[PDB]
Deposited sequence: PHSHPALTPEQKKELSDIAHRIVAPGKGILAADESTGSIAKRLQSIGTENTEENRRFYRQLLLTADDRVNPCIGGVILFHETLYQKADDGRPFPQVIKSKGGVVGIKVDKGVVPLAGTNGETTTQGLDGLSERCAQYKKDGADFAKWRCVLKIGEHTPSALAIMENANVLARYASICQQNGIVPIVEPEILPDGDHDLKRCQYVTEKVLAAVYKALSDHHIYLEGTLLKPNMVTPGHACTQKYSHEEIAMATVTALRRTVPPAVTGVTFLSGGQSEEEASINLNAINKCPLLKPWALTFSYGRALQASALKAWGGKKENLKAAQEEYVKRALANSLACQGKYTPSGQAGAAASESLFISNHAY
């Protein structure tokens, strides 16, 4: 094969430097990039009207929490609307984030679409005009991006088509980001839905991540200028067999060691529906796993950072500080967890 380099040394340095800042020791990501339809559910859960101002205020509440979160938060993923909103003091939210030591991220996918001829499987759209969007987002303060693909474990899923196509579109997204100075977070989420056990999740995760990294290679992606946002390896939500956090950690770290090249700068786990505590305990067990882990293992959490804060807020401005305190408590917990410092046989894998 013949090299026509995708990136200059200067471009590589920029991307690697950004990626490393996001996942520096003790740091993880606040995933605050819920679309309006997704944040509508959460505001509904606290009897709060889904208005642009309430969304602004709620995002403000998280982003302006006090300086205790600064060493915990290496990056914040925003939804488009929020990237262009301002705090009460008039500061653009990206400036707020940066002033606290955080890197600003932007979700750029345009959601899932059905794959015809599959058993309810999807790919993800959003490539059209993405290069121009990335150039604009970079000018407007974002240095990394997020794109979510979704796979499901079932009798006939994930299919060969779903694995190949989601890996391929992730690679296209990553390529476009890197041409524009944006670090792509590659998110091939395997949902926990179903009654499958831990070893089945581990098996599917291994196959998916092998496909992801082959596609990234085929598309000439610079891995040092990327992050990976995978599911932890867990039993299915409905699995009747029970597992310890140490078993979840061993399956997760084993799957990653078998598939993720050491050049990848970091792994920022999604927590899906895990409780706030569950997500911290699992991340902590992952970091205590006694296998060699050549990448940062940290968090990219939404509900696992926000659930208690949202409830404490309750849509009432006078609950601001109480709500922020709940978020700080989870930021501190997960900052400890991504160092193996949180307290509330590998051949079998």
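Asks: Note down, first to last, the deposited-sequence stretches for which the model contains no C-alpha atom.
Replies: Just one stretch lacks coordinates - namely 345-358.
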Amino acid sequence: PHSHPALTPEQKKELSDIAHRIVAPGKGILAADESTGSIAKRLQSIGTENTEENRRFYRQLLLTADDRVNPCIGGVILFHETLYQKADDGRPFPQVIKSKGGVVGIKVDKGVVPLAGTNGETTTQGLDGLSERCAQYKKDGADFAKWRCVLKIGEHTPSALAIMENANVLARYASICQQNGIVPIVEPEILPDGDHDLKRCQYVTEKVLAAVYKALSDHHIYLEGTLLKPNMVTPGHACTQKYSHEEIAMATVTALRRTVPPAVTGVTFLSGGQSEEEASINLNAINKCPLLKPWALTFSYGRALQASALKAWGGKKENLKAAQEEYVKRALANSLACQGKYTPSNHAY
From here on, numbers count along this sequence of modelled residues.
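Asks: Taking the recorded C-alpha temperature factors, which stretch has the higher mean, 324-332 or 11-19?
Replies: It is 324-332 that shows the higher mean C-alpha B-factor.
Asks: Comparing 135-143 with 207-215, which has the greater mean CA B-factor as deposited?
Replies: Result: 135-143.
Asks: Looking at the C-alpha B-factor values in the deposited entry, which of 257, 156, 110, 200 comes out highest?
Replies: Within the set 257, 156, 110, 200, 156 shows the top C-alpha B-factor.
Asks: Whose C-alpha has the highest temperature factor in the PDB entry: 187, 121, 278, 81?
Replies: Each of 187, 121, 278, 81 was compared by C-alpha B-factor; the highest is 278.
Asks: Taking the C-alpha B-factors as the PDB entry records them, is residue 195 in the lowest, middle or highest third of its chain?
Replies: CA B-factor rank for residue 195: highest third.
Asks: Place residue 86 in the lowest, middle or highest third of its chain's C-alpha B-factors, as listed in the PDB entry.
Replies: It belongs to the middle third of the chain when residues are ordered by C-alpha B-factor.
Asks: Looking at the temperature factor on the CA atom of residue 95, which third of the chain's modelled residues does it land in?
Replies: Ranked within chain, residue 95 CA B lands in the middle tercile.
Asks: Of the three thirds of its chain by CA temperature factor, lowest, middle or highest, which one includes residue 261?
Replies: As the PDB entry reports it, the C-alpha B-factor of residue 261 lands in the lowest third of its chain.
Asks: Based on the deposited C-alpha B factors for this chain, I'd like to know if residue 126 is in the lowest, middle or highest third.
Replies: For residue 126, whose C-alpha B-factor we compare with every modelled residue in the chain, the answer is the lowest third.
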